[PDB]
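One chain is shown next in structure tokens, namely the form deposited without 4-[(acetyloxy)methyl]benzoic acid (VZQ).
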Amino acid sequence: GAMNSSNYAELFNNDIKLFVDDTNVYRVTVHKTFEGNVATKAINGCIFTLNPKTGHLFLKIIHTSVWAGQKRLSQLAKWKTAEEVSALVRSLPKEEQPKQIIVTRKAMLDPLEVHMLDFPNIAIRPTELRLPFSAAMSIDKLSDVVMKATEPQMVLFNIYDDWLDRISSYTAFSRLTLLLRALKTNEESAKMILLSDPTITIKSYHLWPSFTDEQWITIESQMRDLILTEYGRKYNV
């Protein structure tokens, strides 16, 4: 059924699975019209589909043209998401198709279930985890590529860079969530921490700097302090 604290390690077993996050599919800026009304201007979005075991981020760029002439866009976005995830599965060889798709928001269950009726053996699951995948547009790179897109486009990144060469997928996922939680709670600070040291660079094919093991420990500690910092700033604790 739902994915929660109790079965957290299922994410890293050998049953292929994807998280789907739709929080950046439909994105708007809200502005005033000359007449003083309010209007929205859509900007490019993306579907965040992540294999938590391998680090694959299947980043489907949702170009603003998909919304052209459409009504009820927040609702269409869930069905567009579902349509694209379904297309991604159909494109994938059988042995690569996920056995499960975990959607981070429950509103995605019915859209994706309906789009995946051709795949009755793929389990569509919610999760009780608060995962910070909405911050995926804070990963500098990711913001830059979705915003340069002029047409629909799928881009691949390893969201773990080469970390799995040195750590398990459990630890990689935990690093990723801590980084994303930090970026979500205070993006300026989080990026400051990641880039304070110009000697540590980000490889061309990577999202994150090339930290040594010891530097990751320092980084991870600083990201916890930040999340704890913002927590006190927020709650005055």
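The numbering used is simple: start at 1 and walk along the sequence shown.
The same protein also has a form deposited with 4-[(acetyloxy)methyl]benzoic acid (VZQ) bound, omitted here; what follows describes it.
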Superimposing the pocket C-alphas so that 4-[(acetyloxy)methyl]benzoic acid (VZQ) sits as it does in the deposited complex, and applying the rule of 3 or more atoms within 2.4 angstroms of backbone or C-beta atoms, the verdict is blocked
Even though 4-[(acetyloxy)methyl]benzoic acid (VZQ) is not shown here, does residue 127 get within 4.5 Å of it in the deposited complex, heavy atoms only? yes
Taking 4-[(acetyloxy)methyl]benzoic acid (VZQ) in the deposited complex, which residues along 7-25 bring a heavy atom to within 4.5 Å of it? 7, 8, 11
